[PDB]
């Protein structure tokens, strides 16, 4: 009985082969069903691919159903084959082929389908538009599931239309011609563009017409390899959220935002020929967690300076926990902006295209309040000599109202005699740093202890100083007369800060005793000397001599020729000294260039507690002993204060290169313009 034959043949383990199937959707349009809900198997969407197959079910009355070439296939007879597919569509359902094929139309059909799209692979496209509240796109990774713009395509790889709201873009890549490290770009391309809204609807969230409320999430999306912008959110769009956005390898601007009312979290922008980020006309937005690196990337060819971040014509921005680092020009340029609030801000090792040239934050006609600032320049710290920022802050105008608090100078050792702020440009702007009172702006009454002048002849001699010192004469300093200023105050455990303008006359071999605590140099001298030593060949050494706590230590270094002090040039010379903490700084007041070193922890043999036992007195231009070395040149504006960190010292230099450090800690301040 051939009946048993058929059952046994169909019942073989490969028996499914005997059930015919549709070869293609083209074949499917010619296959009329004879039963409602009739089941058919589709081998593949397009002949020869083995891609896009599935199961379809029939509506003999295909009325109100439209063929879309993927999930709704209509017959010549008017029936509709409907893909059995509850949830997301993917491009292969609509004829995508992957590989080098142009899958633009299949991908466009997905996001137009009325369902969210799943990217299961990498698809080449030219330009895709997201139009509906169903146009979500989901992948499974930042790389392998992605849209890839064709090399010939220009414009926006993805455009979010002003009719599209409340979608999710999650965990997929958006790659352009330059996606791979060190490759070139197709001109005029953008990864994701959010167009300016052309209208406002009254039926949100069911709107079908233009509306500014994007109210959508771009989450774990990786944009790489575009020319003009990675992501460009144009004016008029509200509530475009980004979350874990990663932007790599952009010829020009990583991310541009020109709109209001949005929040981004954990954004990273890396390696852009121009800015990593442009905020232009932004307001009432939030960035929380941000990393902006390798802006103004030189191999991307852009001659010309561009900062890591431009904040232009913006207001009411709260920007917390971001870092700008390794950018070729300035770190952050704030221009014509109001009320920029930054809480936890890290800017270090920018200006990498030209050493000692650019600044980490550049203020121009802007107001800002910046808290939790940090900026440890790891190139200066390591001593690598790599190009880095001249300093932290630069004011291009003096109508800025700016408050800055944090660690303005980090306080590492200074192997190459530099740190975070190596050129300081003071300003008359309405500026407050670290809550420090600006001496030029205070009427506070303070102590002002009077030192005793001492010399072989005890009559002070006064001589001219350069006009940069802001006075006519200063105290004549000579080795022959041992000119010095003796304070009777002794150093205590709170520590001390000592500073003066010194105009050194540098000729032959010589020891300059700029300032001292106590005298002598031995296990029990309880003394500090800051010295400039010139050997007979002109080599210059800055030496800190410490004696106490049962031992002696020399912390000195030979200056490279380009950092040597110049005869007749005024320098602000400052030290902070306290148990376990010594720093010195020499500041050229005509160029603003600074050298410095700082000693804590393992650099100190002992904390030298006994220097601060209220027994060693303070002396300027020599030590407290009649035989000590003195100085050659001129002194002025001698300052004694209680201990200030180098952080606060540098902060106060932005007010003025030669003024007292901290009015609330001021103990003595002597101009020395023909008086003591």
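Positions refer to the first chain, counted from 1.
Between 296 to 304 and 368 to 376, it is 296 to 304 that carries the larger average Cα temperature factor according to the deposited entry. The stretch 18 to 26 shows the higher mean C-alpha B-factor when 658 to 666 is compared against 18 to 26 in the entry. Going by the entry's values, 558 shows the largest Cα B-factor out of 170, 336, 162, 558. Taking only the listed residues 389, 457, 196, 232, the entry reports the highest CA temperature factor at 457. In this PDB entry, residue 399 carries a Cα temperature factor that places it within the middle third of its chain's modelled residues. Sort the chain's modelled residues by C-alpha temperature factor and residue 647 lands in the lowest third, per the entry. In the PDB entry, residue 175 places in the lowest third of its chain by CA B-factor. Per-chain ranking of the deposited C-alpha B factor places residue 534 in the highest third. Residue 124 sits in the middle third of its chain by CA B factor, as recorded in the PDB entry.
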